[PDB]
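Here is what each chain is made of, one letter per residue.
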Amino acid sequence: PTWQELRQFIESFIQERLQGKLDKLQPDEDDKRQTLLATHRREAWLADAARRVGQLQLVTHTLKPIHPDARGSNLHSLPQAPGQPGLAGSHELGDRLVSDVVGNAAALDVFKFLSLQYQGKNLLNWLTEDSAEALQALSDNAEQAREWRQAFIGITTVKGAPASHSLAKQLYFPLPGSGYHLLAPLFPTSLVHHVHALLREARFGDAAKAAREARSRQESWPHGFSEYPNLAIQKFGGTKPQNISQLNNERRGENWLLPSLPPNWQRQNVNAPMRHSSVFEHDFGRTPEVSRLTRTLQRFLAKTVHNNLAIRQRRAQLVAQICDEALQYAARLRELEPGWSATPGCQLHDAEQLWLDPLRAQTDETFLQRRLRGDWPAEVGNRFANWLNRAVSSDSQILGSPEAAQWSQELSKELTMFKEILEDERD
Amino acid sequence: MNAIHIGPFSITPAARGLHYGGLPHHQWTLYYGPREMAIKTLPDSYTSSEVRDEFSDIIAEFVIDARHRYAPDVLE
Amino acid sequence: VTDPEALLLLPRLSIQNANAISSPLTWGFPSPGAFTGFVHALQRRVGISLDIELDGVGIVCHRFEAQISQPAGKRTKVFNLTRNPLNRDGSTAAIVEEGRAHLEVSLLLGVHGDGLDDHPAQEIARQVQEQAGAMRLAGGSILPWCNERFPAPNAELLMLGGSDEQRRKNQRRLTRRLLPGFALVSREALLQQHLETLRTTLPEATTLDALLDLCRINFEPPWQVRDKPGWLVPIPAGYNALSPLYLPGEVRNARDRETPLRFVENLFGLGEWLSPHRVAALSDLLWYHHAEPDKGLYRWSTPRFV
Amino acid sequence: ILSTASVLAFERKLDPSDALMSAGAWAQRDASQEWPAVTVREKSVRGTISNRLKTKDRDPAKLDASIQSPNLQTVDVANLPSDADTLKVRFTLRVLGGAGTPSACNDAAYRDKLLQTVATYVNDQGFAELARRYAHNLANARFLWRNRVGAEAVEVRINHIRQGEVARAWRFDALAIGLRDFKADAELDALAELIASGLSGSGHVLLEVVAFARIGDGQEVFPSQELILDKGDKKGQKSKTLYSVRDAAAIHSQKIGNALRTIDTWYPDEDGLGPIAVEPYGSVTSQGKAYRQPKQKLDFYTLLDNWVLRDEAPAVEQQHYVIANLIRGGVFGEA
Amino acid sequence: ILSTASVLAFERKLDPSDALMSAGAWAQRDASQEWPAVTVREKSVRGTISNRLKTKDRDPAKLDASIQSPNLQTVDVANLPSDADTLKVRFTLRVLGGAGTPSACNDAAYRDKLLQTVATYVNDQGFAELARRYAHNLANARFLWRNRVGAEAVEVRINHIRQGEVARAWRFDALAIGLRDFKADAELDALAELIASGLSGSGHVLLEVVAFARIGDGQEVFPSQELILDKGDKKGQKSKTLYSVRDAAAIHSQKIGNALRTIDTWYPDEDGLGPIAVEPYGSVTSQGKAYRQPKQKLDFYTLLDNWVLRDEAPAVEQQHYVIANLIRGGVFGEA
């Protein structure tokens, strides 16, 4: 409201900076105190700040995370909210926006001179309006106030020509009718800082650590937690993260990338089940994916029926995943030897061996090539269905009610699909 | 440094220090009385909170095993 | 934007050092925009001479290996780097952390045009395969399968089937060819409905938080894990406008002074990896460009999926 | 006025695959398709302090206290098996066409001038000397690096794969062909003709390069060491890590490319080393010194602006160096 | 002023392999290529209190309380079978040569001066005493560290492998050749000449060294032992882990190298202990005390900075020590 309290606050700020640099320098002689107070104690420091606001730039998307010998145009722009559904971005950052600072590592003090809360609001939004308390609290003269306001508000607007350096990325995009756009991307350091802050609360917050301790104590808690596995660290500054930006000095490197990985990103090995009796209960069932699927079926089998059919839809989808993995198992059985099924052995699951090794029809001209064609083995999934019958809960309440009927119906449908898949293996 | 006492638990280091990697290290030992449960090599740059958090998983596992081992009987 | 008249199966392609950092927020499998741009570069280089159009790519990703390591004492991971050459004064240059990945993917390409009636299917298939064998897919060289046991040619299958059963058998055989992999599809509808579910759970929740909730493992107190419909990776869903579309000669140090440049920001969506037998047709897996250049929104998606 | 393009980038021509390393016996190199791969294992080392002291810890008490604390590391080691004295290193090389064609260029006039300069280079002498030196660096197994140092016999087999079959098989004695002399041979000239036709062509030329080194039985092979930054973490890590693809030791593609590009014998410093890798500002990482400095008129950038803009065509050796940089690639262009 | 280089990295000459240990019988050691390898099995130990107390638990009550409840461990143990008395240890040594040339050097003039220094050494006194002591350390089985301390009879067979065939065979009684006296023998002089030809670069020398030691039926053998960071309880109190490559006990290559480097008999202290391993600041971890400290002007770094930088040539035995350090290799050089 009053200009006098803003003047008192900025004089207190420059006095705090003066006593801080006096304590840091610790000078007792050589006239260092007079030279320190001759440039950071009066309005001329604000004039000195006029030499510092033109060097700094307040941005939300910068180019300096891309190769640091590139000099482009870092721009502060909030992207428009897309009309298409189901996709995010930096447009989702509304009032939860932190604006990055780029420039010298010594002018950055004036950033807090643009980020104080004197009247209860940020001073950049105070200087974007022609307020009555504005242009009098910092300058007695009108024209000095106007040029100081223009220089102090120019930290948001992009300086120089619109430019992207050669070391920056530029990627052509095909237009629908006969065109291209060059589309240079910038690093969303505000969005990355927001995601890194959310991950900090998720992994090292007090409530998250309390929920982790409650999980470790196996007790109840009013809220849950998360883990965020397989995170990747991408440090931008090698030894000087302050040279990248101020937000990259807050989080020193550590881009904290999310694991967008395919399910076969941790392919262990391919193994041939030689001296074993059944593939589904001894080798295929011990893989961790179908292990989590079978524990999920065990959890979903003994449950209430209030969301039943919807849960059953999920259950149907769940059971589909398991037979998918069975095909996936057969898929990596295409990566093995052509004739592993013809090796000697007392028990090697010969009922499943017509589907386990499809390439032995190349090995044997008529000993076993015509056997898979004439037999058309599709009953093996029924054996797998028997293994899937070990994935259900041993509850008599499901058998008494129609839950077992729905389970048998979706099981019959999915193994009908599995048997139809296994039928046309000869093509 | 010195032992970390968490209830009946004592995290005591070996007096000898090794140099695993290039950084100095110490072999920290977790005892529940006379029985040790986890001997782990930890850096000398670790604070007491980090040494506590290294053995906190085994501490919580032993607490869970003690809860599930000496649980009282249930009448229905 | 159109139904393909044919589907061309580029086989197992071993991409050597692909860009593992797909996005400023995600790492791992590369962007689908890289695959769509590769198919458009294939159409730009050899598609026009064959009188065909190549739009829409379905990714299978038969193998993935990340050049990463897990440091001791941390549950996160770091990227293995390459030693760049020294500067002119003999000192080590500043390191830009770039991650690499060895991929093995097979691509379904949507082919439409009169040239399908002008050439044999194996001829245009072999031409686009030998063009693609000297290109790049996500920043990595393509290993063109020299001196192994049995090389894999393409199989261009015409989607204009004479009968529904023959078309079904063709699609099932083409799915059987690309079996040890996972189709990566776009899930804008699933992410939007999960955003609505979270907004009913708690208001003023952004799409970023709904995307994050569909990727982290949520632990619920009675301690179980909140399940997910699929793999539900966070993918780069395209590019949104960050600047007005400047003139082709306006932007300094552009790639070319004939293409207009516009500064963009990455768009993040939800993708799903599925077993490819769980789709009605293999043309649903095709990733299509969608520009909408008046409003930014330079997206890639899988239209006609469900 | 023919200003330089502000972005100017070239593809990696001669892009190799990762050099897969396996083990076997000499005179069984014909049936090397079933050779078991070299696996990278872990082992522990307890060394003692042997680095230079900076005259503050040279007192006997502190030095004895430092020795009394045991220095330990974990190292990734790759060894041959104790019944396999031969290391087989196999990779695939794609000689790409359009060697002088840049990926990106701002000015159309600069692109036309650069294409005309490269076209005059092919019309004058072609890629014949450069592909001769590339075929030399394929012919001796410089890509084996430290696997080449103490080997009894190194033999390189290079197979041209046209469609799906070996179109032409070259066999070279890698030890007879020196690491520093680029002589003339008939098989080497045929390989040079194939690589130069691949560089001058429109598609690509595919080669399979296999090198058998008789290092010794059970000896230590040297794959590429992975560059992993410790990043100032508190927990001690393994000091040495190696590179593998799938339980199979390998060399990085950039190391094989650096060995293939070690053809530059025209730098203004004395050739006591011999050839160096073709780099802008002639950087050699094994020396810590950069030859072909821009204060002399023999760095790649000033040679390109003299050859293209001001039409000051340099000597034939420096033209070979410039086109070897163009085949090498790189990201150029002033701001 | 000829300052020393910041990097002076040297490669390792006399490259050893992981010495695999198998088991067998004496007088059947001629046919020992089929001998089964020693397996690293597991056993459990109950550890009583046998260490010094810290003057706080010395009370009888807490001591008896700790003794009443002792601590159990699982140890990896390597033993011979109960019908096999002879331990066989096999490794291949690779004598490279070019010991004066460093792999990396920041200063070219310092590299030239070091090359001239090593060349003047070789012209004056070549690799004759050094190779004699290396042949001594191969002849006695010092690479059997604790497999030699109570062995009844040790025999070392060294075969020069040329083109996959044995060029020359040596058979030494390793107990007659002491661990401290460097005497002369005609076969040992022939092996010294072979290692001299390998180190001078005049030939490629690979040796297969097989040591047979009579320890006893079922006796515990001592391979290399790994560091264990975490014992825990998921791993059943794993206190000792021995080294093995594929179900086969083995010694580390650097342990064989340290046993081969034990040639340094010229440290300023008394030679009543005998030779020590060649290292900068002559450090012995078992003794815990540095022979050739930097204070007494006889360590490797001051002798190298006198011999090369200031042309102050040391004594003949001390320059033997310096060239033995150059053969050993390291990361010599400041920061």
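Residues numbered from 1 in each chain as written, not as in the entry; some residues may be left out. Chains lettered and ligands numbered in written order. Part of a larger assembly, values for the part shown. Heavy atoms only, no water. Residues with missing side-chain atoms left out of burial classes, pairs and counts.

**Notes on the sheet that holds strand β7 (residues 205-214) of chain E**
All names here are of chain E.
For step 1, the next point in the chain: Taken together, the six strands give an open sheet; going across it, the order is β6-β5-β7-β4-β1-β11, and neighbouring strands pair in antiparallel fashion. Here the strands that pair on one side only, and so sit at the sheet edges, are β6 (165-173) and β11 (250-251).
For step 2, the next point in the chain: Against the sheet, helix α3 (residues 129-139) makes contact with β4 (86-95), β5 (154-162), β6 and β7, and its axis sits at roughly 125 degrees relative to β5, the strand it touches most. (Pairing = 2+ DSSP bridges. Helix = DSSP H or I, 4+ residues; strand = E, 2+ residues; numbered from the N terminus. Contact = heavy atoms within 4.5 Å. Axes fitted to C-alpha atoms, helices over the stretch in contact; angles between N-to-C directions.)

**Quick notes on the domain arrangement of chain A**
For step 1, the next point in the chain: One can read the domain layout of chain A as domain 1 (4-263) and domain 2 (264-427).
For step 2, the next point in the chain: The gap between the C-alpha centroids of domain 1 of chain A and domain 2 of chain A is 55 Å. (Domains from an automatic or database assignment.)

**Considerations on the pairing of strand β5 (residues 71-79) of chain D**
All names here are of chain D.
For step 1, the next point in the chain: By the criterion of burial, β5 is predominantly enclosed, with eight of the nine residues buried.
For step 2, the next point in the chain: Where β5 and strand β11 (residues 220-221) come together, two bridges link them in antiparallel fashion. In the sheet register, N79 faces β11, and the bridge partner there is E220. (Buried < 20%, exposed > 50% of the residue type's maximum accessible area, 1.4 Å probe, protein only.)

**Re the domain arrangement of chain C**
Residues and elements named next belong to chain C.
For step 1, the next point in the chain: You can read the domains of chain C as domain 1 (4-181) and domain 2 (182-302).
For step 2, the next point in the chain: The centre of domain 1, based on its C-alpha atoms, is set 20 Å off from the matching centre of domain 2.
For step 3, the next point in the chain: Contacts between the two partners involve 30 residues from domain 1, matched on the other side by 20 residues from domain 2.
For step 4, the next point in the chain: Taking both partners together, domain 1 and domain 2 bury about 2,200 Å²; carbon and sulfur atoms supply 72% of that area.
For step 5, the next point in the chain: Three residues stand out in domain 1 for area buried against domain 2, namely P32, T36 and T175, and they jointly supply 20% of the buried area on that side.
For step 6, the next point in the chain: Along the contact surface separating domain 1 from domain 2 lie zero salt bridges. (Buried area = accessible area lost by both parts, 1.4 Å probe. Salt bridge = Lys/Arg side-chain N within 4 Å of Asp/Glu carboxyl O.)

**Topic: the interface of chain C and chain A**
For step 1, the next point in the chain: The interface is formed by 96 residues belonging to chain C together with 102 residues belonging to chain A.
For step 2, the next point in the chain: For the side of chain C that touches chain A, the per-class residue count stands at 50 nonpolar, 21 polar and 25 charged.
For step 3, the next point in the chain: One ladder, built from three bridges, connects strand β7 (residues 258-260) of chain A with strand β2 (residues 26-28) of chain C; its direction is parallel. Looking across to β2(C), one finds that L258(A) is bridged to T26(C). (Nonpolar A, V, L, I, M, F, W, Y, C, P; charged D, E, K, R; others polar.)

**Comments concerning the sheet that holds strand β6 (residues 232-233) of chain A**
For step 1, the next point in the chain: The sheet built from three strands is open, its strands ordered β6(A)-β6(C)-β5(C) with mixed pairing. At either end of the open sheet lies a strand with only one pairing partner, and these are β6 of chain A together with β5 (68-69) of chain C.
For step 2, the next point in the chain: As paired strands, β5(C) and strand β6 (residues 77-79) of chain C are joined by two bridges and run antiparallel to one another. The residue of β6(C) that forms the bridge with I68(C) is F79(C).

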